[PDB]
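Next up: just one chain, as structure tokens, the form deposited in one PDB entry.
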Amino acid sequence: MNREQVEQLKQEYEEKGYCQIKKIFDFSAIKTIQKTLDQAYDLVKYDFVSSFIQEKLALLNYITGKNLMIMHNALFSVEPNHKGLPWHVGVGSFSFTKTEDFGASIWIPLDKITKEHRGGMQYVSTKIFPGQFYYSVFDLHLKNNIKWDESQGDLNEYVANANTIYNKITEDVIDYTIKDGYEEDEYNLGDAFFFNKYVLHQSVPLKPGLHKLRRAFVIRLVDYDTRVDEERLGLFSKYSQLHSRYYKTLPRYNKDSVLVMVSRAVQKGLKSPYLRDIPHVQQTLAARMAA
């Protein structure tokens, strides 16, 4: 890659907590991947992406000053007239990590992103919105969640109506906070968006013209020294009991395979705080990291 550009991405990431990476991928590679798609198990279901990603870790490692390690490849596709989540920071996506420890993502659009037919992603520099504090707010919310009992009526409603700092930060309050100081960009194939977990962001809806759907890979990474958060996992388990005991069913986050994976390792007892030392991660280590 153009060494001057690389130096600029490193500067930009250091400024905003994110950078758009133009031509990070060969068209070929995108078509390969795109073509293969056209062809407990959700954990590895897309590991064939890993190799494509692994070739780029050195770059990203340089850009961020971290030693990155792939956790999970998710395919995120959805119809054009789709209501997504409002600006958020991924307190859920990275619930398995210590808040202060490092986490980041690569958003890989499989279908072009145009000025028309937006259909991509908006994002706010962490200079403007240092997303870290949002994680603490969320944790306060989780702890309030597990205060519920039957005496207080419907569980989900209790949660939705609880007067918690989290619930207070409504879409308008966020909109008012960021105003127009966000970016949205155009993406040709083989372009990706890289952002750490403190970057407030949101998906934009797609115009009907083209294409059929908006397809993108989303890859979660952490750092070699990124630790688990046992207490948060405690919170989720405790909430999962209340939930099944009452709705006779499980919360939908048991569908996050990384969460499930990390939780089991934890319950089974953890010699170490590092995610790298979780047996399933450790076994596939070299595949998860830079050459």
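Numbering starts at 1 and runs along the sequence shown. C-alpha atoms forming the largest set that superposes within 1.5 Å between two forms make up the rigid core.
Note that the form deposited in another entry isn't included here; everything after this is about it.
Asker: With the core superposed, a Cα shift of 2 Å or more between this form and the one not shown singles out one residue among 70, 228, 242, 63. Which one is it?
Answerer: So the only displaced C-alpha belongs to 242.
Asker: Residue 115: with the rigid core matched between this form and the one not shown, does its Cα shift 2 Å or more?
Answerer: Residue 115: C-alpha displaced by less than 2 Å between this form and the one not shown.
Asker: Would you say residue 156 moves between this form and the one not shown, meaning its CA shifts by 2 Å or more once the core is fitted?
Answerer: Yes, shifts by 2 Å or more.
Asker: Quick check: residue 147 between this form and the one not shown - does its CA shift reach 2 Å or more after fitting the rigid core?
Answerer: Shift of 2 Å or more: yes.
Asker: Regarding residue 255 and residue 131, go with closer or farther for their CA spacing in the other entry versus this form, the difference being 3 Å or more.
Answerer: It is farther: in the other entry, the C-alpha atoms of residue 255 and residue 131 lie at least 3 Å more apart than they do here.
Asker: Please say whether the CA atoms of residue 132 and residue 253 come closer or move farther apart in the other entry, knowing the change relative to this form is 3 Å or more.
Answerer: Here the pair is closer than in the other entry; there, farther apart.
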